[PDB]
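One chain is shown next in structure tokens, namely the form deposited in one PDB entry.
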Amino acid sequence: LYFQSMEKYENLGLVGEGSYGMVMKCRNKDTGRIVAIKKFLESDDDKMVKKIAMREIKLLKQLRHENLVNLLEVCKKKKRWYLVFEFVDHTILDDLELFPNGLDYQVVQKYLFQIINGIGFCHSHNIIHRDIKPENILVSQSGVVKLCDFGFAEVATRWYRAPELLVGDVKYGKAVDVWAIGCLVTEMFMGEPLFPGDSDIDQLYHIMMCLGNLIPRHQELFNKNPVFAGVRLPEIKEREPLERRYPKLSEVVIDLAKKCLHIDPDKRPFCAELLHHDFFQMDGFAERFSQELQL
């Protein structure tokens, strides 16, 4: 773990103009290339957290894929460590600012294909993201998706959280990322969030209005938790299915979203199985696009 110097970097702005906190957009004075810099460790005197930080850096160095943000170097200034990543030119929210009523069908296919490839690679290594959202789906000048801000390195948005996260189930796994992917499908097509809750309970209400009652395990976790004393989740006798909410979306798109958003985590597809879906396979999109990305 060679540490490099922060002296070669000059501040251009904050990445996202504050919406990400203290993540500095910087230029390398020697090469002209642009980076994102985030503080990683407050003090390397603390030998306990030091060891944990070095473990995480080792993972970041090994976890290399075309759809993951590139860690370039680790810098040390005094006792603090900073991670320096390749700066990626925009995010999917930038696309949606230009097109606030939704993106082009083929644009959605290309972005979801790459998100799935990136998450699938992580899953193949037993790495869960756990915090997928539009603000961490970066997009290069050439349209390559770069994922970032994995849940291994509040008023935090709950909009993409699966039911198992919302009730605090310790048995969550890879299926949380498939759920978040499902949330992205309608949002990229329609230009609005699927389930924009403002708390754990509100989020659950939004989910349940559409998708019905939770699995028994999850309802039990909710009902046994003292934090939710005095509050109940709704009985749903009449839900509002996705196709009623978005009657102009094709059946193929709705079907993909519905599979990802199964209320039972065990009945969601594996991330990699998503690429088998008609949404990607129709007209040979998938083979054609794969060959394109290589070439």
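If you superpose the two forms and keep the largest set of C-alpha atoms that fall within 1.5 Å, you have the rigid core. We number the residues from 1 along the sequence you see.
Just so you know, the form deposited in another entry exists too; it's not on screen, but the next bit is about it.
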After a rigid core superposition between this form and the one not shown, the exception among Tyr82, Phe189, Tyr172, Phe222, its Cα shifting by 2 Å or more, is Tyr82
Please determine whether the C-alpha atom of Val69 is displaced by 2 Å or more between this form and the one not shown following superposition on the rigid core. no
Core-aligned CA displacement of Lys38 at least 2 Å between this form and the one not shown: yes
So, does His277 move by 2 Å or more at the CA between this form and the one not shown, with the core held fixed? no
